[PDB]
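Report on the following structure.
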Amino acid sequence: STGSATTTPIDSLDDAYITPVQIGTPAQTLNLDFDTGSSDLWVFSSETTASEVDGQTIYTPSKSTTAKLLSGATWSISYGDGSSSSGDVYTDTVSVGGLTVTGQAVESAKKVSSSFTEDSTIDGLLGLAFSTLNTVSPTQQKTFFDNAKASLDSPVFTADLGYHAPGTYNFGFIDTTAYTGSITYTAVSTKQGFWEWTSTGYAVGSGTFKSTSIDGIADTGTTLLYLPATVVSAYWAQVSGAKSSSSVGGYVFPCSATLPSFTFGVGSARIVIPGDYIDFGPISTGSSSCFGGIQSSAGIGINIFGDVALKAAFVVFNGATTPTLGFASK
Ligand SMILES: COCCOCC(=O)Nc1cccc(F)c1
């Protein structure tokens, strides 16, 4: 089997991408944030505290003839940005782009933190990291990809995120028309539960490539590119007037600037992030200070190849017995 679904930016900045997902019988379609940096499929629901729902579409398990309470199971996650959610668990039929999993754990939110409430466009998350990070207790549940894998034509999914435009998540096949050149594959460590890999270096604009190992995670659920402070300083030094602002929370730059590209290495291959992809717009409405899309990971504990990086590539998440990642230009 295969599946193929369009993913759409939630706003004009590509802050996140939403993908329609069919849950239950009859289908209830929710728009979920596919998140390779995490492993729970959770939804706003008829159980979510009413004051914490503000425009999201909810899953109502009592209206699904295939929903079953997973007795005794609870979940609770805290994300790197400080947001969180928790609740109980149902199993139900879940379909993405024509690919159907029966008995998928659908984690129903009883509580969500304010950032989720305040974003009416995201009805939940669909985790695509390794199932060892799933938070359901006392019995850990599998991700949608883990449940689908054996049925897929090939045990892979691909992320093709658009810049200011829709893109595609495919399951079970590699669309050879969706990228240019070849796909360069690189080793993955699953030791932390993530799609963790080592970039071979970087360049700023037309500058020379610096060969240096940068371990990080491919995380579709993180907006920005978080890299070591040395790398980030080298990038922003090429933008007149750019500076790190403790009060804003990262590097800002004059909105009148033209940003240089940023290149990262994948083995001997190179993925070029155009400068425009690094512009996240005014820090507040009407400001001439703009927020940068490349930020320091120093306070995180891990480097994160988020959407800013991934949207410049066609990315293969290869879930073979020994997982690997592939990157192609597009
Ligand atoms: C095995 O789960 C133990 C509880 O974990 C809670 C928890 O917040 N986990 C978590 C947070 C962010 C990403 C991710 F993938 C997992």
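Residues displayed in chain A correspond, in order, to Swiss-Prot positions 90-419.
How was it done? The header gives X-ray crystallography, 1.0 Å.
Cβ coordinates come from backbone N, Cα and C, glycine included.
Taken verbatim from Swiss-Prot:
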- 106-417: domain 'Peptidase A1' (DOMAIN)
- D124: active site (ACT_SITE)
- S288: active site (ACT_SITE)
- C344-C379: disulfide bond (DISULFID)
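All features noted in Swiss-Prot, drawn onto the structure.
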| residue | record | DSSP class |
| --- | --- | --- |
| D124 | active site | strand |
| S288 | active site | strand |
| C344 | disulfide bond | coil |
| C379 | disulfide bond | strand |
A correct count of other C-beta atoms within 10 Å of the C-beta of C344 (disulfide bond) gives 15
Cβ-Cβ distance under 8 Å, sequence separation of 6 or more, same chain as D124 (active site); the residues meeting this, in order, are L214, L215, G216, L217, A218, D308, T309, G310
Rounded Cα distance, in Å, between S288 (active site) and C379 (disulfide bond) is 27
The number of other Cβ atoms within 10 Å of the Cβ of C379 (disulfide bond), counted over all protein chains shown, is 22
Cβ density check for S288 (active site), other Cβ within 10 Å (all protein chains) comes to 22
